[PDB]
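To begin, one chain is listed below as structure tokens, in the form deposited in one PDB entry.
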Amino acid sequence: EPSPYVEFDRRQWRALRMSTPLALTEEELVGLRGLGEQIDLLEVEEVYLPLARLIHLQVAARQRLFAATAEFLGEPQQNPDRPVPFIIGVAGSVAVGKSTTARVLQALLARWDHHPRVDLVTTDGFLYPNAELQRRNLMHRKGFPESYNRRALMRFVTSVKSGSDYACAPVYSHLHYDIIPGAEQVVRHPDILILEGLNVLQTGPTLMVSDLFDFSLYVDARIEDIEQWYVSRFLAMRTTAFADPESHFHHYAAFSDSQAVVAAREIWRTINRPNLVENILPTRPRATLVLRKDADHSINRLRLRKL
């Protein structure tokens, strides 16, 4: 049975590091690591460094492709001070670590030669504001496809990849649980743009952001493990984020372990699980590379699309 995919284990995958330099300290790793995430410098050596290699190889080859269409159109030859930006999508469930994965990947690629401008944008900024979610009856569907201004997101990525000088994305506060009035993230003709979100890999009756990806990543794990990571991280946040009297979720700080397990389980069951099953997981088959995590957060298997 021939297949579009090839599976790896860490053994096999790490061999494809060749001689890529590790350009990242313990202190820097820390700054990118989210609460509960186990990633260390080893994993970055054996997992993220082959990945960065693969991407370097594909960036050049992906340029050929746009140049051919340029040659065809008889267009001015492509300004080397600004090629067509490489778009990378990073998807997966709440609590699976995908955000850390994208930050880390950003760090690795910013540290190539001649030092490529590598931007990272999360789809948080494209959530509808709370007022607008209330209007659409979606205050309990935050993270579902329809809780996003998908049109604005598509405008953004399309703006960037088409070679615009600058594009703006709004900005989300996790503290306040809402979009920040007046705040903008500004992205200026990067060489690489990484876009990270739950549903970035979605497809539809219209051209979407996944149709612009030159490369995509989906961070995966058994569903019960993710529930565990999610519940655990919720308990943990009682003394970090919820501890802030400003936090929209301050009332959670005073929960008992079991009150907090109960609350976390109910949010998992009513929001995050259904989203993962109905929307996120169906996008996995299209990802260039799946990073499979064992119950301890450790990436031990990988699935690559060779077709």
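By rigid core we mean the largest C-alpha set that fits within 1.5 Å across both forms. Numbering starts at 1 and runs along the sequence shown.
Only in words, not in the display: the form deposited in another entry, which the text now covers.
Put the two forms on the same core and the Cα of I39 is off by 2 Å or more between this form and the one not shown. After superposing the rigid core, the C-alpha of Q78 moves by 2 Å or more between this form and the one not shown. After superposition on the rigid core, the Cα of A60 moves by 2 Å or more between this form and the one not shown. Look at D220 and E26: in that other deposited form their Cα atoms move 3 Å or more farther apart than in this form. A shift of at least 3 angstroms pushes the Cα atoms of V219 and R33 further from each other in that other deposited form than in the displayed structure.
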